[PDB]
Every structure is written in C-alpha cells, then in structure tokens.
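The next block holds one structure in the form of structure tokens; read it before the comments.
Bear in mind that the values in this text are calculations on the coordinates, not laboratory data. Every residue, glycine among them, receives a Cβ derived from its backbone with ideal geometry; neighbour counts consider all protein chains shown.
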Amino acid sequence: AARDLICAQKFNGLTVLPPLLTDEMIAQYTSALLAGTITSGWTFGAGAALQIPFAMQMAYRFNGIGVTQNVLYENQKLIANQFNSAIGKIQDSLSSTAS
Amino acid sequence: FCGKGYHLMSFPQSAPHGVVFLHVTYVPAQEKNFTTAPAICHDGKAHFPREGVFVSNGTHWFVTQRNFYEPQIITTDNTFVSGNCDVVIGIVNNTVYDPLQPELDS
Ligand SMILES: *[C@@H]1O[C@H](CO)[C@@H](O)[C@H](O)[C@H]1NC(C)=O
Ligand SMILES: *[C@@H]1O[C@H](CO)[C@@H](O)[C@H](O)[C@H]1NC(C)=O
C-alpha cells in the first residue's frame, strides 16, 4: 500500500470511476468513421454512405480546393506515394518521440 | 453545424431562456449502383466531367450531377480535354458527342 498513492486515496474516500465507453468501443467508433470516409467520402455524414472509388473522391477534393481533377489523375501515383511517405513519417515520429 | 444533411435554411423560434432552430436540410434518399470511370477516351484524348461524374447503366455511359441522378449524353460541352489516354488509371473508351458536327453536316 505504501508504495502506491492510489491506496491512500482509496483509504481516504477518493475513487476514480471508469468511463462508460471502453477503449475498444471508442476504437470501434474511430474505425467506423475511417471506413465511412475512405469508402464514401463525405456522403455518410449527410445520409446513407454512397460508395465511390477513392481516386475519384480525391478528384472531388482537388476540385474542392480549386485544382482541376486531371491534376489528381495524372499525378495519382505521385500523390499516393507522398501520402504514404507522410503516414510513414507520422509512424516514425510516434515511435521516436515519447512526449 | 445547421442540422444533419446539406443545409438549406433555418428558422428561429423563441423559447423561455433559449432559442429553437428549425433546420431545413436536403437528404439524398434512394441511391442506385452504377459503374463509373475517372475519364473517357474518345480520340486519343482523355475527357473529364466539367461538373458531374461518368456513370454507366450497364451498356451506355452518361454524365450526371453528383447529388441527384440526371443522366446526360457525354458531349464536349459536358467535358474538358487534358492529355492523352495513357496516364489515367481506369479510363474507358466511349464516344464524346460533338454538337457542332450535325450543324456543319446540315
Ligand atoms: C450495390 O451492389 C452491391 C453488391 O452486392 C450490393 O451489396 C449493394 O446493396 C448495392 N446497392 C444498391 C444501392 O443497389
Ligand atoms: C480502348 O481503346 C484503346 C485504343 O484503341 C484500346 O487499346 C483498348 O484496348 C480499349 N479498351 C477496351 C477495354 O476495349
């Protein structure tokens, strides 16, 4: 007990309550959101999820920032590789930095 | 931010100590599958929709607006050209109609 402050807290009437949603449920929610985004774009936020090929959704986004979609289609492998490299950097940074 | 769906308009109503917003939204209703393509190859040139998306009913290719199925013939007023037919992944061949060809023929 002495080597644990939680025991003193509990002995003096101070307790921590668990969240209603478990970590598994929150991960389920995040995976549902991710699946909706990568399969249907923004359609599942407004109504039923409407499937669309991912490259065509990316073309929609490029239109959304004022770039013609042929820029997306003609550089599709370059764009996908840049995204993959950026995700890899996120991974490496998380594996390196502890704070 | 203003209800679920694509916001159209909102109406305020007063309530004690608060406000009630009646959000009017547009919700797409009855979706149908289609075969789609990123671009159309017609004469060694890639074509892309100006505003919509290419859809196939199974045998014929149309362009439609993205949020409401309204299939239209694929024409040069419907599309814009960029490059040849070698870079785009998933391009399909189909005819792109020229409105001025019959007029020149007539
Ligand atoms: C589209 O086809 C798939 C293939 O099985 C089917 O699961 C899905 O329900 C269909 N959707 C519509 C809207 O017809
Ligand atoms: C589309 O047309 C090109 C050019 O003639 C041809 O090489 C290709 O095989 C065609 N694709 C299909 C699926 O018929």
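Say we look at the stretch B:17-31 and pick out the residues that are of a type in the set (A, V, I, L, M) and in a loop (DSSP other than H, G, I, E, B); which of these is surrounded by the most Cβ atoms within 10 Å (Cβ to Cβ)?
The selected residue is B:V27.
For B:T95, indicate whether it is within 16 Å of ligand 2 (Cβ to nearest atom), more than 14 Å from chain A (Cβ to nearest Cβ) and farther than 25 Å from A:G66 by Cα.
Numbers: within 16 Å of ligand 2 (Cβ to nearest atom): yes; more than 14 Å from chain A (Cβ to nearest Cβ): yes; farther than 25 Å from A:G66 by Cα: yes.
Yes; evaluated as a whole, the condition is true for this residue.
Counting just the residues of the stretch B:75-92 that are part of a loop (DSSP other than H, G, I, E, B) and away from chain A (no Cβ under 11 Å), which one comes out nearest to ligand 2 (Cβ to nearest atom)?
Step one: list which residues in the stretch B:75-92 are part of a loop (DSSP other than H, G, I, E, B), which gives B:76-78, B:82-91.
Still in the running and away from chain A (no Cβ under 11 Å): B:76-78, B:85.
Numbers: B:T76: 19, B:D77: 23, B:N78: 20, B:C85: 7 Å.
Among those that are part of a loop (DSSP other than H, G, I, E, B) and away from chain A (no Cβ under 11 Å), it is B:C85.
Looking only at residues in the stretch A:40-59 that are farther than 18 Å from A:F83 by Cβ and facing another protein chain (nearest Cβ under 7 Å), which one is surrounded by the fewest Cβ atoms within 10 Å (Cβ to Cβ)?
A:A48
Please list, ordered by first then second residue, the pairs with beta carbon atoms under 6 Å, 6 or more apart or interchain, first in the stretch B:57-74 and more than 14 Å from chain A (Cβ to nearest Cβ) and closer than 24 Å to B:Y26 by Cα, second among the hydroxyl-bearing types (S, T, Y) and surrounded by 14 or more Cβ atoms within 10 Å (Cβ to Cβ).
The qualifying pairs are B:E70/B:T64; B:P71/B:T64.
Could you identify the single residue in A:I6, A:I26 that is assigned to a helix (DSSP H, G or I), farther than 30 Å from A:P53 by Cβ and either among the aliphatic types (A, V, I, L, M) or within 15 Å of the chain's Cα centre (by Cα) (or both)?
Numbers: A:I26 fails: farther than 30 Å from A:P53 by Cβ.
After applying the criteria, what remains is A:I6.
Please verify whether B:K4 is within 14 Å of another protein chain (Cβ to nearest Cβ), more than 16 Å from ligand 1 (Cβ to nearest atom), in contact (Cβ under 8 Å) with a residue 24 or more places away in the chain and more than 19 Å from the chain's Cα centre (by Cα), treating the condition exactly as stated. Full working, then the answer.
Working: within 14 Å of another protein chain (Cβ to nearest Cβ): yes; more than 16 Å from ligand 1 (Cβ to nearest atom): yes; in contact (Cβ under 8 Å) with a residue 24 or more places away in the chain: no; more than 19 Å from the chain's Cα centre (by Cα): yes.
Against the criterion (within 14 Å of another protein chain (Cβ to nearest Cβ), more than 16 Å from ligand 1 (Cβ to nearest atom), in contact (Cβ under 8 Å) with a residue 24 or more places away in the chain and more than 19 Å from the chain's Cα centre (by Cα)), B:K4 does not qualify.
Please count how many residues of the stretch B:52-106 are surrounded by fewer than 18 Cβ atoms within 10 Å (Cβ to Cβ), closer than 22 Å to A:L50 by Cβ, away from ligand 1 (no atom under 16 Å from the Cβ) and of a type in the set (A, V, I, L, M, F, W, C).
The qualifying residues number 2.
Any residue in the stretch B:11-23 that's farther than 22 Å from A:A46 by Cα: show its pairings with residues that are part of a strand (DSSP E or B) and hydroxyl-bearing (S, T, Y) at Cβ separation under 8 Å, as long as the two are six or more apart or on different chains.
So the pair list comes out empty.
Go through the stretch B:9-51 and give me each residue that's closer than 20 Å to B:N93 by Cα and either within 16 Å of ligand 1 (Cβ to nearest atom) or away from every other protein chain (no Cβ under 14 Å) (or both).
First, pick out the residues of the stretch B:9-51 that are closer than 20 Å to B:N93 by Cα: B:34-51.
Matches in the stretch B:9-51: B:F34, B:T35, B:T36, B:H42, B:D43, B:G44.
Going by the conditions given, is B:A37 surrounded by 14 or more Cβ atoms within 10 Å (Cβ to Cβ), of a type in the set (A, V, I, L, M, F, W, C) and in contact with a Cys (Cβ under 6 Å, 6 or more places away or on another chain)?
On the way: surrounded by 14 or more Cβ atoms within 10 Å (Cβ to Cβ): yes; of a type in the set (A, V, I, L, M, F, W, C): yes; in contact with a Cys (Cβ under 6 Å, 6 or more places away or on another chain): no.
So B:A37 does not fit the description; no.
Kindly indicate whether any position in the stretch A:42-51 is in contact with a helix residue (DSSP H, G or I) (Cβ under 9 Å, 6 or more places away or on another chain), part of a helix (DSSP H, G or I) and of a type in the set (A, V, I, L, M). Before you say what the answer is, go through the steps one by one.
The first filter runs over the stretch A:42-51 and keeps only residues in contact with a helix residue (DSSP H, G or I) (Cβ under 9 Å, 6 or more places away or on another chain), leaving A:42-45, A:48-51.
Still in the running and part of a helix (DSSP H, G or I): A:43-45.
Add one more test, that the residue is of a type in the set (A, V, I, L, M), and what stays is none.
Taking every residue of the stretch A:42-51 in turn, none turns out to be in contact with a helix residue (DSSP H, G or I) (Cβ under 9 Å, 6 or more places away or on another chain), part of a helix (DSSP H, G or I) and of a type in the set (A, V, I, L, M).
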